[PDB]
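Undergrad: this one's experimental. Sequence and coordinates below.
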Amino acid sequence: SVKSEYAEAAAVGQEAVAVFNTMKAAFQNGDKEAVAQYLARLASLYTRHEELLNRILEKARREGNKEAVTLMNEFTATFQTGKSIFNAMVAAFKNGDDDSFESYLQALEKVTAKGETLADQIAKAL
Ligand SMILES: Nc1cccc(Oc2ccccn2)c1
C-alpha cells in the first residue's frame with residue numbers, strides 16, 4: 001500500500017539521519033576521508049528518498065487523497081529546501097570552506113527538525 005511505501009521511505013530517511021550524524025562527528029574530528037565517503041552515501045540516500053516521496057505523492061494524487069496530496073506537496077517542497085542546503089554543503093567541502101560547511105550543517109539540521117511534524121502527519125493521512 002501507499003502507507004507501507006511511506007514507511008519504507010521513512011526508514012530510508014532515518015538511515016540518512018544516522019549517516020548524517022556520523023558524518024558530523026567525522027567533520028568535527030577532521031577525518032575528511034570519512035566525510036567524503038559519508039557525503040557520497042548521503043547523496044545516494046537522498047536520491048532514493050526523493051524518488052520514493054515522488055512516487056508516494058503521485059499515488060496519493062491518483063487515489064484522490066486530497067489531504068495527503070496537500071501535505072505531501074508541502075513536505076516535498078521542504079525536502080528540496082533540505083536538498084539545496086545539502087548540495088551547497090557538498091560544494092563547501094570540495095572547496096575546503098569549513099565555515100560554510102558548518103553553517104550549512106546546522107541549517108540542514110534545523111530544516112530537518114522543522115519538517116518532522118509534517119512527516120508524522122503524512123503517515124496518518126495516507
Ligand atoms: N534532499 C535532501 C538532502 C538533505 C536533507 C534534506 O532534508 C530533508 C529531508 C527530509 C525531509 C525534509 N528535509 C533533503
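TA: Arrived safely, thanks for sending. Residues are numbered from 1 along each chain as shown.
Undergrad: what is the neighbour count of the closest residue to the ligand within the chain?
TA: Taking CB to the nearest ligand atom, the ligand has its nearest neighbour within the chain at residue 82, 1.9 Å off. C-beta: built from backbone N, CA, C; applies to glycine. Using other CB atoms under 10 Å, residue 82 has 21 other residues around it.
Undergrad: list the residues that contact residue 49.
TA: 9, 12, 13, 16, 79 (CB atoms under 8 Å, 6 or more residues apart in numbering).
Undergrad: and the furthest pair within those?
TA: Using CB to CB, these reach their maximum pairwise distance at 12 and 79, which is 12.2 Å.
Undergrad: neighbour-wise, which of these two wins?
TA: Taking neighbours as other CB under 10 Å, residue 12 and residue 79 compare with residue 79 leading, 21 against 16.
Undergrad: wait, that one touches residue 52, no?
TA: No - with contacts counted by CB atoms under 8 Å, residue 79 stays clear of residue 52, the gap being 10.8 Å.
Undergrad: ok, and the closest non-adjacent residue to residue 63?
TA: Once flanking residues are discounted, residue 63 sits nearest to residue 2: 7.1 Å by CB to CB, 6 or more residues apart in numbering.
Undergrad: in this structure that neighbour contacts residue 56, no?
TA: Yes - Residue 2 is in contact with residue 56 according to CB under 8 Å; the separation is 5.9 Å.
Undergrad: spell out which parts of this protein neighbour the ligand.
TA: For the chain, the contact set with the ligand under CB under 6 Å from any ligand atom comprises 13, 46, 50, 78, 79, 82, 83, 86, 108, 111, 112, 115.
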